[PDB]
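Chemist: Sequence, then the experimental structure. Questions to follow.
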Amino acid sequence: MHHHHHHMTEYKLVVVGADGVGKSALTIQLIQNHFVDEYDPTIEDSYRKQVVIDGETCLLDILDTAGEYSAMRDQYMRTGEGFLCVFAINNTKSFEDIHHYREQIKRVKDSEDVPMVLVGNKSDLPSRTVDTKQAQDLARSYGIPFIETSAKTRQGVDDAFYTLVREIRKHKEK
Ligand SMILES: Nc1nc2c(ncn2[C@@H]2O[C@H](COP(=O)(O)OP(=O)(O)O)[C@@H](O)[C@H]2O)c(=O)[nH]1
Ligand SMILES: [Cl-]
Ligand SMILES: [Cl-]
Ligand SMILES: [Mg+2]
């Protein structure tokens, strides 16, 4: 099954992770909305972008979570078709938090096969506290990709979101 916008598939992507890791910055860097004067979003919200992925136009509807209380939290997880689980490579606790985000997603979606990408953000920093091997090991334990990103340099941001969409497509057609 799929969501739609007119005659194109709409993919419901959810960006989760501890506050401060760069969820909003990554989402902004993918939207690349250029009209707006910069505002720090600072409230949970969703954002749309039309993209052509492997020849196929689609709509991305991206929920940039704050976590805080959201009454919609379980419903967003049920709606969401794939999840970016974001930590910051200089924030060990944010990395250790990932397990709990995955536990919540599995609780709601009743699946261990939910399309997800582990995202290690802030890769532009000249020093780090979570090693690449730690992160690839965790991703391997989940059977999901690990991608290093920076919302500052924009390295890996496209790979992260488009890999997630491709994971959804693969999961949908299995
Ligand atoms: N150095 C660096 N800083 C980042 C990156 N992404 C976000 N930040 C910074 O980390 C802070 C938190 O970013 P924000 O997008 O609000 O994180 P969120 O709370 O996860 O949405 C801000 O001061 C950003 O400038 C990144 O890739 N590299
Ligand atoms: Cl699923
Ligand atoms: Cl690309
Ligand atoms: Mg945010």
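Modeler: Alright, I've got the coordinates. Residues are numbered from 1 along each chain as shown. Ligands and ions are numbered 1, 2, ... in the order given.

Chemist: which helices and strands sit right next to the helix or strand containing residue 105?
Modeler: Residue 105 belongs to helix 98-109 when assigned by DSSP states H and E. For helix 98-109, the contact count by 3 or more Cβ pairs under 8 Å, 6 or more residues apart in numbering; DSSP states H and E identifies strand 8-17, helix 73-79, strand 82-88, strand 116-121 as packing neighbours. Placement of C-beta: from N, CA and C, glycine included.

Chemist: how does it look with 6 Å?
Modeler: Taking 3 or more Cβ pairs under 6 Å, 6 or more residues apart in numbering; DSSP states H and E as contact, the helices and strands that helix 98-109 lies on are helix 73-79, strand 82-88.

Chemist: Please see if that helix touches ligand 1.
Modeler: No - counting by Cβ under 6 Å from any ligand atom, ligand 1 is not contacted by helix 98-109; separation bottoms out at 12.0 Å.

Chemist: For the helix or strand hosting residue 165, which residues meet the burial criterion?
Modeler: According to DSSP H and E, residue 165 maps onto helix 157-172. Of the residues in helix 157-172, those buried by neighbour count under the rule 16 or more other Cβ atoms under 10 Å are 157, 160-169.

Chemist: CSV for the helices and strands packed on helix 98-109, including mean neighbour count and distance to residue 151?
Modeler: Supplementary listing: the helices and strands packed on helix 98-109 in CSV, determined by neighbours: other Cβ atoms under 10 Å; distance: least, Cβ to Cβ, whole Å:
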stretch, mean neighbour count, distance to residue 151
helix 73-79, 16, 21
strand 82-88, 27, 10
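
Chemist: so which of those comes closest to ligand 2?
Modeler: With respect to ligand 2, and counting by Cβ to the ion, the nearest of the helices and strands packed on helix 98-109 is strand 82-88 at 8.3 Å.

Chemist: All set, thanks.
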